[PDB]
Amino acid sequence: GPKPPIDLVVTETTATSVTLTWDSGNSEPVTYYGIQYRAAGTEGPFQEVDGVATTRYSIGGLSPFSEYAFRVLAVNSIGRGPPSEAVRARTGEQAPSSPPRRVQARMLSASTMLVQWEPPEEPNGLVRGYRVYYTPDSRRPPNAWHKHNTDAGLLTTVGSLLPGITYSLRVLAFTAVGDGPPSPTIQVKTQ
């Protein structure tokens, strides 16, 4: 059985990938390596890429904005060796891939609307703000809707609305990378 690889280093990190380098940790030739890895908040077994013949490898398909642990093991003719010590990586951010949750809106006065929501289930990063889109005519293209930007707080008001009108509204979240998908459209009828 070979010895554990040593000097496992995370050398590069993106939103969906990590690049690793290590040294064989063995005097005799190692036939190939196994890389084991798993997400910080998962309960269960490491994931594995088998058959790696080099001492450099990039693991893709990872979830954004997620903390991972990686470790490497050696294989020779005798068998697989014990894994290296585990190293830490956190993947980078993307735009959210889900909407602000449970969007609701109501008139506080004849002209002021209160809008509120909860953070997206899949922010993929630190949410930097929201965008509330609203219009008196939902047939207009999205960029013809009025846009109201907010910070990462979970409520805002929109003022100076017109009376006796049905407004349509949707909300999206954004990270520093970009905008996520919008909530389903809701309607609010003004007095």
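One rule holds for the numbers: they count along the sequence shown, beginning at 1.
As listed in the deposited structure, the average C-alpha B-factor of 70-78 and of 113-121 is greater for 70-78. For the segment pair 128-136 and 31-39, the entry gives 31-39 the higher mean B-factor, averaged over Cα atoms. For the set 86, 95, 89, 103, the maximum C-alpha B-factor listed in the entry falls on 86. The PDB entry assigns the greatest CA B-factor among 144, 59, 52, 158 to 144. Among all modelled residues in its chain, residue 191 ranks in the highest third by Cα B-factor. Ranked within its chain, residue 183 lands in the lowest third, by CA B factor from the PDB record. When the modelled residues of the chain are ordered by C-alpha B-factor, residue 14 sits in the middle third.
Per the deposited record, the Cα B-factor of residue 168 falls in the lowest third when ranked against the other modelled residues of its chain. Sorting the modelled residues of the chain by their CA temperature factor places residue 175 in the lowest third.
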